[PDB]
Structure formats: C-alpha cells, structure tokens
Amino acid sequence: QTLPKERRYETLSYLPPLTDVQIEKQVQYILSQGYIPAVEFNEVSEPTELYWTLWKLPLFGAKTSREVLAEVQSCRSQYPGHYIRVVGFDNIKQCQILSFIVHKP
Amino acid sequence: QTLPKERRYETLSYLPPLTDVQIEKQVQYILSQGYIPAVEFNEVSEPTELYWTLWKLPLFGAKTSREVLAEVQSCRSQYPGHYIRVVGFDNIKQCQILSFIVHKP
Amino acid sequence: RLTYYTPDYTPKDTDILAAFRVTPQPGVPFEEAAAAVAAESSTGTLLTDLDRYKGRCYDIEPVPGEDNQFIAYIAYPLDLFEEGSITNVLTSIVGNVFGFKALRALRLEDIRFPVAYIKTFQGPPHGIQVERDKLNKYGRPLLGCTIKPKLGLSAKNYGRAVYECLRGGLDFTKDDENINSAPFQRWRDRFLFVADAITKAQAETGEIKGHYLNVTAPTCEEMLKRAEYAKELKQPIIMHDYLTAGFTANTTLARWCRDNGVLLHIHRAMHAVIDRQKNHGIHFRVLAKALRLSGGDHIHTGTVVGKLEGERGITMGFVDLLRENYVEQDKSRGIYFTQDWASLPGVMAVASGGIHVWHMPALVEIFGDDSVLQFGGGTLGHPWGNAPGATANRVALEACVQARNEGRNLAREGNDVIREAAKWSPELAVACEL
Amino acid sequence: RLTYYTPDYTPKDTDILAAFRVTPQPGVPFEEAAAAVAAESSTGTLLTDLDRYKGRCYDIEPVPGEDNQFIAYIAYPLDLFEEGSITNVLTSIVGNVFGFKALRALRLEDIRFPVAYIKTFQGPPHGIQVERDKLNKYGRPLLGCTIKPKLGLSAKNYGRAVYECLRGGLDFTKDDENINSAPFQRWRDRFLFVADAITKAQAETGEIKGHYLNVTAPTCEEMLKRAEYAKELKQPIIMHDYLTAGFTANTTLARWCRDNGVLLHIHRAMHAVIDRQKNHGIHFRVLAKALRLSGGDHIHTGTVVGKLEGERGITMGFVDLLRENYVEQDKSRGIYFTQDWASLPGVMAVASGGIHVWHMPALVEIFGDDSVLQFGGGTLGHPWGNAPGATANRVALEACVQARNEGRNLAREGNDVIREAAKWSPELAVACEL
Amino acid sequence: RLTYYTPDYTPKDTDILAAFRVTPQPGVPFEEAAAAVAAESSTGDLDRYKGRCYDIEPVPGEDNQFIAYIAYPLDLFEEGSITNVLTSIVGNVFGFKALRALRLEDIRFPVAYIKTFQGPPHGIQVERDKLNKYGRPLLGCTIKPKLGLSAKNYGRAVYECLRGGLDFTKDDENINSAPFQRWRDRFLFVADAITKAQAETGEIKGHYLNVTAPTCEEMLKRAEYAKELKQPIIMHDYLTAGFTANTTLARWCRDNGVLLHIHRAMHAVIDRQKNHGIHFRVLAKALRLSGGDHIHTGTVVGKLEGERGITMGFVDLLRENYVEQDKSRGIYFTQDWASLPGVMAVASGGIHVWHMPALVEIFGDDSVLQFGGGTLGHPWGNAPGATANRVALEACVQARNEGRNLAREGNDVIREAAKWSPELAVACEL
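Reading the values: the criteria
- Residues numbered from 1 in each chain as written, not as in the entry; some residues may be left out.
- Chains lettered and ligands numbered in written order.
- Part of a larger assembly, values for the part shown.
- Heavy atoms only, no water.
- Residues with missing side-chain atoms left out of burial classes, pairs and counts.
- UniProt positions renumbered as here; feature names shortened; annotations may be inferred.
- Helix = DSSP H or I, 4+ residues; strand = E, 2+ residues; numbered from the N terminus.
- Buried < 20%, exposed > 50% of the residue type's maximum accessible area, 1.4 Å probe, protein only.
- Contact = heavy atoms within 4.5 Å.
- Buried area = accessible area lost by both parts, 1.4 Å probe.
- Salt bridge = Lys/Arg side-chain N within 4 Å of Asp/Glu carboxyl O.
- Polar contact = N/O pair within 3.5 Å; in protein donor to acceptor, adjacent residues only side chain to side chain.

In the nomenclature of the PDB entry, chain E corresponds to Ribulose bisphosphate carboxylase large chain from the organism Nostoc sp.. This entry's official PDB title is "Cryo-EM structure of RuBisCO-Raf1 from Anabaena sp. PCC 7120". If you open the UniProt record of chain E and go to Subcellular location, you find "Carboxysome". UniProt annotates chain E under Sequence similarities with the comment "Belongs to the RuBisCO large chain family. Type I subfamily."

For chain C, the PDB entry supplies the name Ribulose bisphosphate carboxylase large chain and the organism Nostoc sp.. What UniProt states about chain C under its Subcellular location heading is, verbatim, "Carboxysome". UniProt lists a comment for chain C under the heading Sequence similarities, and it reads "Belongs to the RuBisCO large chain family. Type I subfamily."

Enquirer: I would appreciate a short explanation of the UniProt feature "binding site: Mg(2+)" in chain C in the present structure.
Expert: All names here are of chain C. The UniProt record marks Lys174, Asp176 and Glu177 with the feature "binding site: Mg(2+)", using the residue numbering of this structure. Of note, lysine 174 is situated in strand β6 (residues 172–174). You can call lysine 174 buried: its relative accessible area is 6%. Relative to the elements of secondary structure, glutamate 177 occurs in the loop between β6 and α7 (187–204). Relative accessible area serves as the criterion here: at 37%, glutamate 177 is assigned to the partly exposed category.

Enquirer: Please clarify how the interface of chain D and chain E should be interpreted in this entry.
Expert: Accessible area lost upon the coming together of the parts serves often as the stated size of an interface. Taken residue by residue, the interface counts 73 residues in chain D and 76 residues in chain E. In total, about 5800 Å² of surface goes out of reach between chain D and chain E, with carbon and sulfur atoms giving 53% of it. Our enumeration of links across chain D and chain E arrives at four salt bridges. Here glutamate 78 of chain E ties to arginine 226 of chain D by a salt bridge, and the two come within 3.1 Å at their closest N and O atoms. Our enumeration of links across chain D and chain E arrives at 33 residue pairs in polar contact. Counting residues per element, the ones that place at least two in the side of chain D that touches chain E are α3 (86–93), β4 (103–112), α8 (220–232), α9 (246–258), α10 (272–275) and β10 (281–282) of chain D. By residue number, the principal contributor to the side of chain D that touches chain E is α9 of chain D, which donates seven residues.

Next comes the structure, spelled out in structure tokens:
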C-alpha cells in the first residue's frame, strides 16, 4: 500500500475533517490560555501566500465563551468558497498560538 | 516528408508504445544484473520537474522474478491519469540504470 | 593566593558569572582551588589594577552527596571580554583552566551572560516567533526525517528520499553530520537536487517545506559560498555543525543568516566530547547559551524518553535556557544562575533521539509547541517507505496536538490518541506496531 | 650515469609512475637511456638529497616484436609535483625529455597518478552519475549532431540547425572546433540564439536538451566571461578544446564548472599532434587521465568502427581509464599501470567518428550506457533534413537500447533491430539505405 | 571532393597560409591528400570559407612526402586568439586516416591578423630599455640541482649566480610549487636575493620566476605577487599551460610591466619528429602572437649547418620584423610582422665558456645565453662560474666591438681574457 498525492493545508490537516464539537473544544484551548482567537479567510492556501484575510476582528467578549464558533458558521454562510481558518493570538510571546483550517471549498 | 511536432518523454519514447510482454522482458534485464527495479508516477513529464514520485517501494523479486509490471497493472488501475514509469536502481554505481515510461495519460 | 576568593562579593548585574564543578586534587582545599579557577581564567599568577579585571570566586556550595567536589561560582567582570565574541568567553573562561594540575576534573556547569553582554551579540537570526512567521507553521512542534542511509546516496537519490519524506506532512528534513561533501555526493549537487525536491514537495502540498542544508565546510569562505548558494536556491534553512566548525564560523554564519533571511539549524556535533562526563568538560547548558548568543534558530537538545526524572529535569533545564526569555535559578532543574535574556530571540529545541510514532504523546507534552521533532535516527523507518512513514509521523503529531489542545492529559491519555488516530490513517496503523 | 636505473626498486603506492616508449639512438643501451628519461625529467645531469626527489627507472620490459624499443617504467615520487596541477605533471614528465638527443623517439604511453595525488585534483565537475542526474537521462548512451556546415552560418541560422536537431530526440548538439567567434558569428550572439533554441526544443519535447557551447577563448578572462554567460542563459553544458587551450585554462574551467553547475564537454582538438604516431608523442590515455584529473564530463574518445581488434582494445583501454573507478593493468588492452581513481567521478566517452544509423548496434555494444554518440562528422546528413535526421539517430538508439536490454546480442542480432525499427519509423526507413 | 585543391589560387595578402609536410599513406595521390589536409581543417558558403590548397611542392630528396600550402581565409579565425588558429588548422587534420604523418612546418599570419594580437609585452628594444642592458647578449644560470632546494637555499644559489655578473637566473620547468618549495616562499627568498645582488653589483638583476600554475587564478595571483616584489621578469611554461594561459599572462605582463620569459616546456612532444608534429617555427610564431619577451630557441652549438639554419630560421622569425621566404633556412613563407615587438632568442643548451665567440656571432646582441644545461658546472662554484661566463661574454663583446672576426680570432680573445681573469682561467679548460 502507498501514500496518495493529496494536497494538505495547515497544522491540523492530517486528521479527519474537523466537526463542530471538536472546534468548540479546540477554541476552548485558545481562549482559556488568555489568548484572543480570530477567523481568517482566503481564496487559496499557497505556500508563497502567507497572509490570510481577517474576518471582522479577533473577536472576544469574555474570559471564556462561544465567540469564534458562531462567527465561523456566519462565515460559512457568507463565504462558502473560501479557505476559512481559526487562528489564535498571543500578545506576550507575540505570535499565533494556532492556525488551522475549519472549512475548505 | 517531414517530422511532426510530437512531444516525447524519456529514454524509450522513440519507439512503438511498449506492450506488456516487452516490459516484462525489459525488467528482466534490470533485476538480472542484480539491480533494484521500481515504479515512479507523476502528473506531468516536465524538463524542469526532475523528480517523479516513487510508487510503493524500490521493488525486488527473489533474484529474478516478475513483481514489477504485475504491480504496474495495479497502478494502471489505481492511477489511470498519471505518467507511470519503471526505473532501475544500482547501489554500487549509485544511479538509475533505467528510466522509461510504461503508461501515459 | 586567596585574593581571588572574595566570599562576601555580591556580584554585580553586569558581571559574567560562571559556575564550575571543581574536583580538586587531594590536599588542595576548596577555597584555594576555587581561587585558582578564578586565577588562570584571568589575571594569572603593580602594572595594572588587579581588583578591576580579576575573576573572583564568591561562593563555594559543596555538591550534595559527593565529597571532593563543589560548585565554584566565579564572577568575571564585563570589560574583560569582547563585545560580541562567544569565542572570547570560552577563551577566557574555559581556556587555560581545565588543564590546571591542582584539579582532577573541572566542569563548567553554567554561565550567566548579563543583560549588558547579551546585547552585544546578535542572538539567533530568527527566533521561535520569526521562524514560525517565515514558515507559517503555528501551534505544533515541527518535524523532520533524517535521510537514511547516510553515506553512499548520490545527490539525486538523496533528494528523492527528501521529496518522499517532505510529501507526507513532514516539515523539515535533516542533512547528516558526516555529509558536507564527499566524492559520491558534492554539496553543489546535493543542494541542487534538494531544492528541486523542496519546490516539488512545497508546490504539491502547500506548506513551506524546508531542508537543513549542511553548510559546514573546511574554510569560512567555502562555508559562505555554500550558504550563499542555498540563499540563491531560495532555501528557507541551512544547518551548521557548530562545535566542529567552532564559534567563529558559527558567529560568521549567524551574522550571515540574519543578513540573508536564511534560518540556521545548529547541530551539536562533537558535543559529547565535552558535555557527556558528569565530572569534567563543558555542560551543554553553557554550549546552549553559547549558541543562543551566536546563531541558531534550532539546536539539538537530544531527547527525553530514554532518561530518568533527574536526567530530564536537567535536559528541560537547558531547553528553557535557549527558548524562554527569563529563567529562574533552579539547580534541581540544572540551572545555576538566573538568566535574563533581554528579549533575545529564542532557539527551537530539537528532539532527535531514537524516536518514532509512540513518542508523540511524550515529546509534545515535554517539549512544547516551540520545538522540532526529528525522526529516523535510531528507529528502523517504516515498512511502506518514507511518504507513508512521514505521514505516520505527522498524523501522530496532530493527533497529539489536537489532544493537548482539548485538555487530554497526554501523560495518561496519550496512548489512546495514538491508537484512535491509527484508525483514521492507514499509513499510521501499519506504523502502530513497530 | 645508471644511478637513476634502480631495477630492484619496488615503486611505492604514492609514486607517480610513468611508462615511456623509448626508441633510443643506436649504441645507447637500454638502461642508460631509461636512466636518462628518468634523469632529465627530474634531478638533471650534495646540495640536497638526490635519492628522495629523483626519478627512478625500475623496469625495462622490451616491446615484443620490435627491437630498439622498450617501455621504461619511471617512478617519480609524490612530493616532486604540485598539488592539483596537471600542467606540472606534464612540465615535469614530458617537459624536457622528448627532445633528448640520445633518443630517436620517446612516447609517454601511460602514467599512474596515485590515490595520494588524485585527491589533490578535482576530477570532473560532474561524473557519469551526476551528469545523468542533472540531465535526467538514464540507461542509454546520449546523442549529438554536429552542425554542418561549420563555417559561414550566422548565429540564428546556426541556432535553427540546433533547434532542428534538438527536436528529434537528440540530447546534445556540438559546437565546432573552429567556431569560437569569427566575424560572421560572434559568441555572444551564437550563445544567445542557441539558448533561444534549446528552451524552444526543451519546452517542446520535455527532455533536458543541451548544447556544447564553445567557451574556448583567447584569454582566461575571455573564457570565463564566455562561460559565465552560458551560466546566465541557464545552459546545462559548455565545451572546451583542452589541448589547444591548455591545462591551465582547462583546470580553471574545471574549477569554474564545479562551482557553477555547468557540465563541461572536453574536446580533444590538437590531440593528434601528440597521440597519433605509434613511436613518439603522448598517448591519449595519458591525456585521458590528464583531463579526468582536471575537468571534463565528456571527452571525445573518437570511434571504434574503423579500427581493428588491437586498435579498439587500446581504444577501449582508455575508455575504461576515464570512466571506471579501478582499472587493472592489461597491456594488450593498452593500460600499463593499474589505476585506482579513488572514487573520482567518471568522464563520459564520446563517440564521434564518421558514424550513422547502422552503427547504433556497434556503439551501444562497445561503448556502454555511460557514453555520448556524436553524429554528422563524416556521414552526409539525411535527405529529409535534421529533425528527421535526428529522429533516425534516436529511434536507432532506443531500438539498440531495447535490444541490448532483452538479451539480444547486438554483435550478431544488431542489424535485425535496425531493420525492424525502420518499419515503425518513417524517418528511419529513409535513413536505412544511406 | 577535389574542390579544396585549387592550384591557381594565388593567395590573398589577408589569408592565413599554412605549409604542412604531408606524408600520405601508400596509394594516396598527392593532389588528393593535399585537398584532404585542406579538407578536415575546414568545412569537413564554401567559396568564401574553405581552407584550400594551392601548391604541392614535393620535398626534394625524398619520395612520398610533399609540402601542401593551405590558404585559410582570414574571417574563419578569431581576432586575437592563437588557440583558435591551432584549433582550426591543426585541430582535426593530423588524425586524418589517409596520411601517415602530417607535420605543420610553417604558417603565415598576415599583417591583417597580427594586428589583432598583442605581440610580446615588451620587445627586444623595450625590454633592453627596461633592463638598461645594451649591446651584448644577456646571461643566465639554471639553478642546479632542480629539485630539493628549499626556498632560501634556492635563493642563496640565485644570489650566488647573480653576484657574478649574471643578468638573469632561470627558475626550472618543474618548479612551480611543491612540498619542499612553495612559490610564495620561493618568490620571497629570490626577490630577497635579487635586491642584494642588484645592490652589490648595480646592474638590474632579475630571475625568471615561474608562474606556471594549475589554474589561471593561481597563475595571476602568482604573477601579481611577483609584481608586488617589484620583480622585472617572470616566466611561463607555455605549452603545458597552453595558449589561453599565455595570452592571459601576455595581456597581464603588458599591463603590469613585467617581462615574460616564455619557456618551451613540452615543445618536443610536438616537433622532435621530422615528419609529424608542429615545427617550432610555428610555435615560435604562435608565442610571438601571444606574449613573450624571451623564448628558448635551444642551442646552435650541437647542430649541423642545416639544423642550425633551421634554428637560425625561427630565431629570425621571432626576432626580426620582416623575414623573406627562404626554404633552405626553413622559413616557408615571407612573414611580415607589421612592427610587432620582437622576442629574445634564449640559447640554453650545453653551452659553456668557449662557445661565447660563436654565440655572440650567431646569436647577435638580441639574445640571452643560459648556462648549466649539460655541462658539469664550474669547479669553483657559482659566483666564479658566473664571472667566467660574464668575462668570457664581454671579452667576446669587446672583440666584437673592435672588429675582430670571432669565428677565427674568437678562441684568442678567451685565452687573452683568462690572463686578466682568474675565475675564467679555471673554466678555461673544464
């Protein structure tokens, strides 16, 4: 048996396609470390192309609640043909704590 | 009479399209010299693109037996739209002893 | 002597402290050997002022559980050493003092480069943060094969084993220690047939794949023409064996990679000559701090899985020294001096033991996000080749990254997430048994 | 004299042996002329030590069947010659010794560069293996036209005859001896209108086509600005007439092509001044070994088809010297010294006689896979042009490559596979008669 | 074929004539091989770019051999490249199979093609102006032993020869650099032996520092170092290193004021045989068109009338501006050098004290005389052995500057200089 030529995308791509319960349980790691999470959309996932466009904000309303999870489904209804992400942000270390695709075209 | 603009591919391309008996008799040169035969597949045959993807393993029959085209027919049923090769390998001289296309899309 | 043993000397915030592990010859008392390791690393045994440039031992602290051994904390001043020269730290401190004959063994355990002296260096070319920003790889420890077999592979067969590993989710791929150039495989051709195999595997799967091209070379001219060629193949990363090639060639390539945007993978070849014996040599947390001050975005910190609690607290000691901004003095965890790095960029800590699939719970729990996990060093590959062998080493990563990011204690619930990821991956299920 | 004739001297594994073919003047005995060819190539006729730097004849071995001729094996030491200088081998060995007047003719047959002295050289820029890995052309002898007419063609009409040959399956295409630059065809324009004709024929048919751009030039500055331009057209291969331009300019371009990834086609122009007479000069297996030590990935070894059994055993002697790692002492096959090349890369052996379609059984059987087959030198082209003329020279290749890889003895079953490939190729059937 | 033998082609003044010495196979007629030595040295248009034969002239005194005058056009060849003349003319013509032995005797570079070249860096006149050495043939030791001498003991033997009135001192062929003597240290301890031997005796002393190297980068950094020792002259083995490295070094030595001593190492692979090869009068023209302020022309003393007619044949070709077509002296074409600078003719055989009357008469002022070639040294060393070769030089130049016939009154002027010189009187016999 072999390995197929399959294009893979980001830091959780070598998995089954992430359902909604998992992403609710995924962002609950992001915002529980004091981090501000976000949603980033893009047309293609290119190695050259290293910015993806931020969706409305790095949204945040409280210490821990459903913030991102409702906003992704609003972006699935807005952009059903863009690579949607969920990214974290740290401000002390000043890099992203996650970057993974929740939705593909 | 002229020469047509025909794109040709590799080291046995200027021939009739190689049938199955010929390739079995072709690999019987490869493995009889103690060499390691293999199968390599690719989407396009580009001069820039100088690697083709190794199918499963660099195969070997016992000292001489038919495991190569028998697997190519499994790769013709797996990938009927890729440029399939059969390549040899030497370990002493350390280069390929053949590189020729058995199957085109 | 005993003018170099000032036990009341509270060391300044700009001294360059050093904690030796002196094992003196018998009859030599502890203060007089600790004044001696402060002697012949300065102001050896008036024409100047002695009291301004002398190394001063300021504390003894006998090692618990073992007589004839102590930890001579030496306090070298700032203006003894060169701005920006980590080969003048070692020429001053471990230069003339280990072969001192009143000592049976002398081990430089730790060293405190002050904030005043860290700022003369460059740090890494790119930190943890800027390395992840260049590679666009966030929130996971990165990966690597090591191309087996080492010797004998021609440069294209070498790049086919690189392209095969770099398809299946692997981030990096290491070039070996004993591969710089050799009559079967020259570097100009090894770098060429690896750039043709990165841009095939980077264009196939859209991640920024890289390869630690070995620019360790006989001369510093041949090193920089070996790195300027990996710049002109647009390679993201080179590597360099920094203890065979030294700290003058490393700091040359530090300054080069910062001025050319190439990541630098520092490999700790010939490290075990000097950090492996527990009584004599230079502990690697000196040599870890020494290349965080010179270049390197990655350094091999070995492994954790084959070591005890005390031998991995010391290994997680110097992983924090090269990766965290401020590290508190904790001697059970190995660190002797509190070390402010003054916002110097971090270095990745690379895990490169004899490790495989079943160690992804361990090395994502121990080494955090800010790490690289090599493979293929001791473990015997994979039955289906390299590209199913690398996808086994990548699905087992992101299963253990997903598990860690859901509260699942990988110390206890770690072997569950390997087994429940081997179901959804056929490449990992055949790697699940060996 | 007879202090330079030490017949008991077992030569060391680090001596630089040399086997002359001395034809002495009459009355000069054999030992005293063989001590003399060991004399004036060293230590000429107590200020130093003689016995450490002297050339020593150590065996005579009279040539069978011809009196007044013998094979003086001279044993020069290692530390007489320069590291890396094949123009100091010839200045030492064949420098001052052929014009010696006690000798009617003197022929340097063979020479044994030891493993100690091969390692100072570079070898070829790219071997057999790395040349095939750069060109991605495995398991067949490669090809070449030669653009006729030599003289008169403007640089674009020259590149149209290149593009026409490079369509029909031809791998390379040779630029001529007497074309470097000339008022009808400058090199800057010849290289430009050939790069525009390679990248048309390489993009059309997906093989890495090349052209032996002639960088032989008046000065070494004008040579390297002629090769650095073929580097910046991204050309795979240049060529160089190494005996007119010498071994200082060849070793300059050796070191350049290794440091720039260009293949080097060494052409043996002006070779027949010195290797063609059977009694005097420098046999080409010296000049074959001399450019395997300096640069070249290809060298013309002429042809086999017009020569006897004894005249092709000698030609397959020096084909093995420049292409195989270890070659045993076989004097019927021409080689006088066993030659370990110490894993130095091979050189292609190029076949460039007056050869055509019907010689593809012969030159794939004699010259193996590791070869290049030129064409168009003596034979009168093709009636349908160059692109059906090159497809005739390529279908006849891969018929004879397919036949050799199926057990079919091309010595006996060779003319069958030309005739049964002329059926499936209309371009070859019209070339089947002349 | 037989369109390459055009016997009515009176050759143009811009052609590049070449006079081969064909020895064809038995059965090959002379018109067909002469059209064939003109064939594969071209075009293997045709009316404008073929090398064509225009005369046969069989060798007198010998059958089965002739002198095929080939007339190559000018625009076939590269402006300023003598490695394209030898690639074009003698590239693929000596290996032609219907020829038992093919020898390039002479060649005529026209005025049209000599002007593309540089010529020597410095001529006879410009070299002697730089050295301030007038009206006498110059001198030379060759430092014996060749090998073994460390860089200072080599320099001490250079200082010892150059004290005794010797003008130059040659570095050997096989001394480029070697683990007993590196060039950086040979050049240092020689330039420290010249500034002592030039300060002792005020004459401009020089040493032919061997810059022959493996690469052209290692040759110019070996010559840029002899420039920055303020050395007057370097040397270059010009046939092992080739005509691309000489023309690289010619263009350098003209553009850095260094004289160039071209050594004819490996010359006798390609001209010792009288029927096959490239005769040295081609190779002497070939390095006058690349650079050289000196060239070894061997010796005259061990040669008969014909073998020194030929030796004085190319000595005039590399030193005189215009040389008439004189086939008995060996020169096959009238060569107009178009005011190109001359090259010295360096006599270097087994010559000694007593050959000074001949070699001031045979080789004129415009010559260099090397010593130590075959002779068994001097019994008192180097500095007497060079003063012997300098008194016996200037005793022969004194007699030549007084009208004394040095063919007959030559042995007298050595013996009447052995009285007023003690170092000469012991080299007077051995």
